[PDB]
Amino acid sequence: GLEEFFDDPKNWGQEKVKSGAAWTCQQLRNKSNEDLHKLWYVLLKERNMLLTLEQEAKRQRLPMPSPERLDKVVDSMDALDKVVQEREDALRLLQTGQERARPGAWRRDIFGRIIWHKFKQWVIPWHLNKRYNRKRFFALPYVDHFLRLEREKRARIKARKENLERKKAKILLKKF
Amino acid sequence: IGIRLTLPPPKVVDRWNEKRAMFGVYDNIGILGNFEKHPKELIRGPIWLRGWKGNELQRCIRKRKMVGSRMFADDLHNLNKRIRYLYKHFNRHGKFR
Amino acid sequence: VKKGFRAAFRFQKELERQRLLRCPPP
Amino acid sequence: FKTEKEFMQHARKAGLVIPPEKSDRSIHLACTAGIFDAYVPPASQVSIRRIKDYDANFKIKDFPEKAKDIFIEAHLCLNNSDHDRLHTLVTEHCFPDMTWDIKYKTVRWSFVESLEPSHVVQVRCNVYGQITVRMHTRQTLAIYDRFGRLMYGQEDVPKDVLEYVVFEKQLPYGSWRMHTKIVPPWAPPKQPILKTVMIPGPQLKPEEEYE
Amino acid sequence: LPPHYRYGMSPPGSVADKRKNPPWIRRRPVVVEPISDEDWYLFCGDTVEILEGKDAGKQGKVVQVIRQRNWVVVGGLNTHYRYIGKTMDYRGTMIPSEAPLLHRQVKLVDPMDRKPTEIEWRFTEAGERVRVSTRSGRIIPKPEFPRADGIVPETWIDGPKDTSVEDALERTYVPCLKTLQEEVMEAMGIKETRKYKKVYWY
Amino acid sequence: XXXXXXXXXXXXXXXXXXXXXXXXXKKXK
Amino acid sequence: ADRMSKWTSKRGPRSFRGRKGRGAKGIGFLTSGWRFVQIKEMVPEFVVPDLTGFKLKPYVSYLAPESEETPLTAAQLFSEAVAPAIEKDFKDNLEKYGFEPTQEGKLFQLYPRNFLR
Amino acid sequence: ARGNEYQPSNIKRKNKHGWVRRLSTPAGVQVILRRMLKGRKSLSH
Amino acid sequence: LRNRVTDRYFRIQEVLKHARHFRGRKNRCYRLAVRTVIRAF
Amino acid sequence: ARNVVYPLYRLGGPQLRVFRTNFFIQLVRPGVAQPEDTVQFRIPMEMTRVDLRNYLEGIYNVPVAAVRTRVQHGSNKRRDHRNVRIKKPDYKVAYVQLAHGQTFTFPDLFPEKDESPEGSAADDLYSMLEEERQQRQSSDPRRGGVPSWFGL
RNA sequence: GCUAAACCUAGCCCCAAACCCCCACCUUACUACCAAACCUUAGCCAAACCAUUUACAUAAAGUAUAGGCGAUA
RNA sequence: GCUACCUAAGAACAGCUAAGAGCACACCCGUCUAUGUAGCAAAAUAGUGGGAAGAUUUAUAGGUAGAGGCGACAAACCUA
RNA sequence: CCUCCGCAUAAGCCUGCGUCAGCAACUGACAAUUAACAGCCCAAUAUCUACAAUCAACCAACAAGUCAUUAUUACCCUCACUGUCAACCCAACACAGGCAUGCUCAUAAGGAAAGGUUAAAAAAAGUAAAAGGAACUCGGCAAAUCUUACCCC
Ligand SMILES: [Mg+2]
Ligand SMILES: [Mg+2]
Ligand SMILES: [Mg+2]
Ligand SMILES: [Mg+2]
Ligand SMILES: [Mg+2]
Ligand SMILES: [Mg+2]
Ligand SMILES: [Mg+2]
Ligand SMILES: [Mg+2]
Ligand SMILES: [Mg+2]
Ligand SMILES: [Mg+2]
Ligand SMILES: [Mg+2]
Ligand SMILES: [Mg+2]
Ligand SMILES: [Mg+2]
Ligand SMILES: [Mg+2]
Ligand SMILES: [Mg+2]
Ligand SMILES: [Mg+2]
Ligand SMILES: [Mg+2]
């Protein structure tokens, strides 16, 4: 029903709601996968309740009753999304040994810089993929000037920052 | 009216700093160390002008021939332009011939 | 901020003279 | 505006939400806002024993010879405007009551000797002790202007004045400082001022009539 | 908060701090001395003794510590006076506000001496790192600050949306090689007879 | 019982343009 | 002429605003006469569980203890799930103990990810 | 008479200076590489 | 700029002090006051 | 779910299923007059209206009968001190029509004034600031600037 | 006495040493999903025009040589 | 994205007399005059005009690019 | 009292006179335009398609024209997504400029030429004029009236 988008009627207009702690990640590894699945939708409905109230707070020109418990629901939702990933990323190491969930290759686009190419799903193989074959993954010889100029820009940026650190660190032995 | 309304923070200066107290040591390392070293093997600076003095056209021509292979690309192009300018200035322009 | 002491020292002593042409002592 | 409340309403109209932010640190106070029980001048023995546990050495029968000396040496801090010394001799609730109106004018208060030896009337009670002491002294007072023409009182003639002087101590480094000064309602009215005053009439708009 | 931000007393998200540090101020940074994390020895709650300035020699207690400027604000002491509450026709009431003190301007105080000392993080078999004074070989504790948030830990009764401790510890986990997608789909009770067809990835 | 209020700010910008010279007179002479 | 703004579905002519949409994933296909055939299996159905009798409220009470964070690895998972069955079947073909060697026959493939989230 | 030489169109702006046309020739890939070396916020239309 | 001129207020004031009793802008602005102080001298 | 890569559908394969939904939601108050059945939500951009129909029949057990969406252009015309624009974000708006002739109105969250009156004695601090509103000791006009501290 | 003035530290320069780096995106870039690169630089300028020509560790050495045997190399 | 020309597929042209026809609108152009001349405007305004079913005008997209393009040659026009 | 404007679409622009607050449309907060209109289309392989349009019927053309399938094979799901605001765009401007189409072709729609005064000169825009009628001037330019005839190219 639609009353789950708001808290109890004994909590409308209180400016302090006594809430517990956010779940930390250690408590959630001890729960099972059917028992974290249901904790997601309890945390999903408590998040959706707070997101209406934060919108009705801004609409009524009023401060929130307690915005610190939306910090406690986001930091406990991601803690649940961390423990699902920690079993998905470990079960793939035992079954297939791959460290990433999506396939991909290190390629080098037209501008010569090395990029990670995350793969996409297709129904036809790549040599008859008309759009894919236009996207070209190599650098021609005219790029090597700009690769040397980009390299010297980061070498100037790093030689500026490392030199500025020592210039601040000898000032420390002048005041102290 | 660019003159300061307060007098500037004081200049303390450490005359018996380690750099100042030992300034000059081993400047005479050749003439009383059996000439195993020259005093110009004490000078520490850019690799192209150690023990060598010249004007700006002699300096950029020497910096290019010694360190131009590993100079940065937009910094090298300024050097070739500068040599091409100081060639034209020192060889074509001036009051005296 | 142009560096140096001597102009700031002259100008400090020439503002004291202006302090005595506006506020002279008894 | 006029109140702290109207700002919370003109924010809610304009839509400026100011949320309450928590701080671990609060404001550390060392007096009170007012008198505890305003002794009404014309049975407090536990409170004297509520002083001796936080003080460990407290004799009342030597006290208003000391409490008189806070009084007249906080008042000489008015003649010279030593705002440093008045904070050690008078409390933070009393300090704006005796320095705000005397700003930019020269006071010439002076203490000529008393008429009766001053004594206590009532004593009461983180924890604040309060000793309401009656002084019946003769003081000389001349207030001046910024320009230093006389604005209040003669500078020579001593007048006799009755004072109810409440004191206060914060019960580790605290001392007794004057807390307030209870003027009684049966007291005579003070010296009439030098200048003459017009008290202005009701300002009528064009649609109001004066009755 | 921008780089070279200027910390002060009001914390950096506040109403008073936004006025003092708007996102266009570019003032000269203060130069602090770099104290590491293990070299800081004054906490919220220590009874410390001022040296320099007003309240000379007087011992107070630290109520806040702004570590980003090596700053200790001693409770009730090193005070000035200011007013609070504005309407346009008001006179004033003082509150004794505190000014901060550098960490070279305060010293720790022994429980059995009430006297100033220094601190060297001595190593004991009873504790992995703890304050031991330099004049006496005594373990000085780290005192109890009230709580980081509002907690009041031991006196806490839970509302209807808090798990009990019996349920937030209940290890129902069975370590097994099944996906949460696979574990739920046997428990949610679905059948999926259709088999996935191979797509490519490039 | 005397204090501060709410906050305030500022706003500023500037730009220019370019032209030519044309449609004069007083020919060959 | 305005380039720093984002190029979005509101911003072209009529034929530019039809193609570019938001990030909203496709649900079926288009056919002759611009008729959209919504495919039932491209639409994601939420498998929502039943939360009655469920004793896990969204917060934690503050009487709980603190532990330390030891994350789950491929060694901790193996030492719990597959290692003890080995010691019960070594002291007496890895597909018995839990190896799935190739997975083109699974519904929920772990590489590449078949399943949502 | 003059001044309104710009008559905006999005099918013309994208077909002339778009990212696809800037990559369609090697003369214009060095346009894009000159924009990232300057550090531009926007390398094409 | 390695070394710039800090004494320039005192060089203006050697010429402006001789022009203080003049009329108009030749007592204040140095560029006009230096041509009249020279002509007065 | 949003910011995840969906599996591909080919003809005769299985059913696509989210288990742990990514997109959360908020129900807002109608700022214009709507009928008594029309509920208004704030969808995120990556959600369709077939997705919103299943979100409320599934997670909340709501008889939804019609959904109508529109994308609201958040404003990009407000600048800083650097004269850089600040983008207020786009958001998608739902319009759920409740089946069976159900009726929903938005509740009065934050009912305007609740207990008796505004405030007093908040901390010890507010009673330190309220009892000088009782004890300002305003001036008498028959005094004219003379301080009322001295008993003379 | 208005407008203003003052400021000192953000940062930079030069060297040494060291070889530095979830999702979407070539279609209308930032859009989940369908049958091919290599190829002499010229010119200003100098020769008082210009037309061959004109530079792009130390020492031997501005030497041998080259050159409208000239500017110069 | 102006303009010179072209390509694809579009659009517009009242009323009256009777065909690169006449009168005449919308529309296209810019003859003469006055105002304007840091202007409303880096070429405008008011009136007066030329054409207005044609070698017409026009919206949309594409093309040709500087040792060039394009040109009913004005050495015009190719982003004031 | 004006109305040669207006209302829609297209293109362009991208929250740009809605609520609350702060010569004599800007800033902060909140809110909004909802698909039926309009975009976003098409399973293969062969083979199909001489006869404009114009009220299409007579009559007339030349410049020769915008409008179509069939055969066998394959096919069962279905209403998703995206635009929808404004006093708006291009001209550096809240610019006497420019700007496609459908309807209204004088309005049912849209607007205000005068901040207040005084009533000089010069200047701009207009209306009236005795008697004369091109004497003006380079020229009937302009205005006012409607016309003859003869050239050059
Ligand atoms: Mg055009
Ligand atoms: Mg829609
Ligand atoms: Mg020459
Ligand atoms: Mg005709
Ligand atoms: Mg002409
Ligand atoms: Mg005609
Ligand atoms: Mg000709
Ligand atoms: Mg000619
Ligand atoms: Mg203009
Ligand atoms: Mg009207
Ligand atoms: Mg008007
Ligand atoms: Mg006027
Ligand atoms: Mg006149
Ligand atoms: Mg006449
Ligand atoms: Mg004549
Ligand atoms: Mg004549
Ligand atoms: Mg005429």
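Each value in this text was obtained by applying a stated rule to the coordinates, not by laboratory testing. Cβ atoms come from the backbone with ideal geometry, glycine included; neighbour counts cover every protein chain shown.
If you go through region J:45-75 and pick out every residue that is facing chain G (nearest Cβ under 10 Å), more than 16 Å from ligand 2 (Cβ to nearest atom) and loosely packed, with under 15 Cβ neighbours inside 10 Å, you end up with 1.
Taking strands (runs of 3 or more DSSP E) as the structural unit, those lying wholly within region J:35-152 and holding at least 2 residues that are aliphatic (A, V, I, L, M) and more than 16 Å from RNA strand L (Cβ to nearest atom) correspond to J:38-43, J:64-67, J:91-98. Could you tell me whether E:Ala148 is within 19 Å of D:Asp24 (Cβ to Cβ), hydrophobic (A, V, I, L, M, F, W, C) and within 14 Å of chain G (Cβ to nearest Cβ)? Yes, satisfied. When the residues of region H:28-45 are filtered to those that are more than 16 Å from RNA strand L (Cβ to nearest atom) and of a type in the set (A, V, I, L, M), which remaining residue is farthest from A:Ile110 (Cα to Cα)? Out of the qualifying residues, it is H:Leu37.
I'd like the residue in region B:79-97 that is under 30 Å from H:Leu37 (Cα atoms) and surrounded by 13 or more Cβ atoms within 10 Å (Cβ to Cβ) and, out of all such residues, is farthest from the chain's Cα centre (by Cα).
Among those residues, the one meeting the criterion is B:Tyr85.
Applying a threshold of 8 Å to beta carbon distances and a minimum spacing of six or more residues, or different chains, the list of pairs starting in region G:61-78 at a residue that is outside any loop (DSSP other than H, G, I, E, B) and ending at one that is basic (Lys, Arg) reads G:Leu77/A:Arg87. The helices (runs of 4 or more DSSP H) located wholly in region D:51-128 that include 2 or more residues which are surrounded by fewer than 19 Cβ atoms within 10 Å (Cβ to Cβ) and among the acidic types (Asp, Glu) occupy D:52-55, D:64-79. Examine region I:17-30 for a residue that is more than 15 Å from B:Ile1 (Cα to Cα) and part of a helix (DSSP H, G or I), and state whether such a residue exists. Within region I:17-30, none of the residues are more than 15 Å from B:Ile1 (Cα to Cα) and part of a helix (DSSP H, G or I).
Residues to consider are G:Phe108, G:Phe16, G:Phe29, G:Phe99; find the one that is surrounded by 10 or more Cβ atoms within 10 Å (Cβ to Cβ), under 27 Å from the mean Cα position of the chain (by Cα), aromatic (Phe, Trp, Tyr) and within 16 Å of RNA strand K (Cβ to nearest atom).
Matching residue, one of G:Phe108, G:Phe16, G:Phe29, G:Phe99: G:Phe29.
Checking the conditions here, which among E:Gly85, E:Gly76, E:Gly53, E:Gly57 is assigned to a loop (DSSP other than H, G, I, E, B) and either within 14 Å of chain F (Cβ to nearest Cβ) or within 18 Å of the chain's Cα centre (by Cα) (or both)?
Just one listed residue meets the conditions, E:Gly85.
Pairs meeting the criteria (first residue in region J:102-120 and under 16 Å from J:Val62 (Cβ atoms), second residue of a type in the set (D, E, K, R) and surrounded by 10 or more Cβ atoms within 10 Å (Cβ to Cβ), beta carbons under 7 Å, at least 6 apart or on different chains) are J:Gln102/J:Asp37; J:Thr103/J:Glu36; J:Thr103/J:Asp37; J:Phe106/J:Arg29.
Quick one: which residue in A:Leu62, A:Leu50 is among the hydrophobic types (A, V, I, L, M, F, W, C) and within 13 Å of chain G (Cβ to nearest Cβ)? The match here is A:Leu50.
Here is a yes/no grid of residues against (1) within 30 Å of C:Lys2 (Cβ to Cβ); (2) surrounded by 11 or more Cβ atoms within 10 Å (Cβ to Cβ); (3) away from ligand 2 (no atom under 16 Å from the Cβ):
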| site | (1), (2), (3) |
| --- | --- |
| B:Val13 | yes, no, yes |
| B:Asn17 | yes, no, yes |
| B:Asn28 | no, no, yes |
| B:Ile47 | no, no, yes |
| B:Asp74 | no, yes, yes |
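Taken together, the residues in region G:6-50 that are within 7 Å of another protein chain (Cβ to nearest Cβ) and more than 6 Å from RNA strand M (Cβ to nearest atom) amount to 12. Of the candidates H:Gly28, H:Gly3, the single residue that is over 20 Å from G:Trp7 (Cα atoms), outside any loop (DSSP other than H, G, I, E, B) and not charged (D, E, K, R) is H:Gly28. The set of residues from region E:118-143 being of a type in the set (A, V, I, L, M) and outside any strand (DSSP E or B) comprises E:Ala126, E:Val130. Taking residues in region H:6-28 that are facing another protein chain (nearest Cβ under 8 Å) and farther than 20 Å from G:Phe16 by Cα, and partners anywhere that are assigned to a loop (DSSP other than H, G, I, E, B) and more than 16 Å from ligand 2 (Cβ to nearest atom), the pairs with Cβ atoms closer than 8 Å and at least 6 places apart or on different chains are H:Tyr6/G:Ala1; H:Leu23/A:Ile110; H:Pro26/A:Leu140.
The set of residues in region H:10-24 that are outside any helix (DSSP H, G or I) and either touching a helix residue (DSSP H, G or I) at 6+ places or on another chain (Cβ under 9 Å) or among the charged types (D, E, K, R) (or both) contains only H:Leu23. Restricting G:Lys88, G:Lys106 to residues that are more than 7 Å from chain A (Cβ to nearest Cβ) and part of a loop (DSSP other than H, G, I, E, B) narrows the list to G:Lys106.
Just give me the residues in region G:21-41 being touching a strand residue (DSSP E or B) at 6+ places or on another chain (Cβ under 7 Å) and in a loop (DSSP other than H, G, I, E, B), in sequence order.
Listed by number, the residues that qualify are G:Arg22, G:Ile27, G:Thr31, G:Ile39.
Of all residues in region J:63-77, those being in contact with a helix residue (DSSP H, G or I) (Cβ under 9 Å, 6 or more places away or on another chain) and closer than 14 Å to J:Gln40 by Cα number 6. Considering only residues that are within 16 Å of RNA strand K (Cβ to nearest atom), of a type in the set (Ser, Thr, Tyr) and more than 25 Å from J:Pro107 (Cα to Cα), which ones fall in region J:36-80? Matches in region J:36-80: J:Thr48 only. A count restricted to region D:4-48 and to residues that are away from chain E (no Cβ under 14 Å), among the polar types (S, T, N, Q) and in a loop (DSSP other than H, G, I, E, B) stands at 1.
Okay, residues lined up against (1) within 14 Å of chain D (Cβ to nearest Cβ); (2) surrounded by fewer than 16 Cβ atoms within 10 Å (Cβ to Cβ); (3) within 30 Å of J:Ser127 (Cα to Cα):
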position: E:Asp89; (1), (2), (3): yes, yes, yes
position: E:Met94; (1), (2), (3): yes, no, yes
position: E:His103; (1), (2), (3): no, no, no
position: E:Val106; (1), (2), (3): no, no, no
position: E:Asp110; (1), (2), (3): no, yes, no
position: E:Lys115; (1), (2), (3): no, yes, no
position: E:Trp121; (1), (2), (3): no, yes, no
position: E:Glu128; (1), (2), (3): no, yes, no
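Only a single criterion out of (1) within 26 Å of G:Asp50 (Cβ to Cβ); (2) facing chain G (nearest Cβ under 9 Å); (3) of a type in the set (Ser, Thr, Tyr) is not satisfied by A:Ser32, namely (2). Within region G:51-65, being more than 8 Å from chain A (Cβ to nearest Cβ) and closer than 25 Å to A:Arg29 by Cβ holds for G:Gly53, G:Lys55, G:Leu63, G:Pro65.
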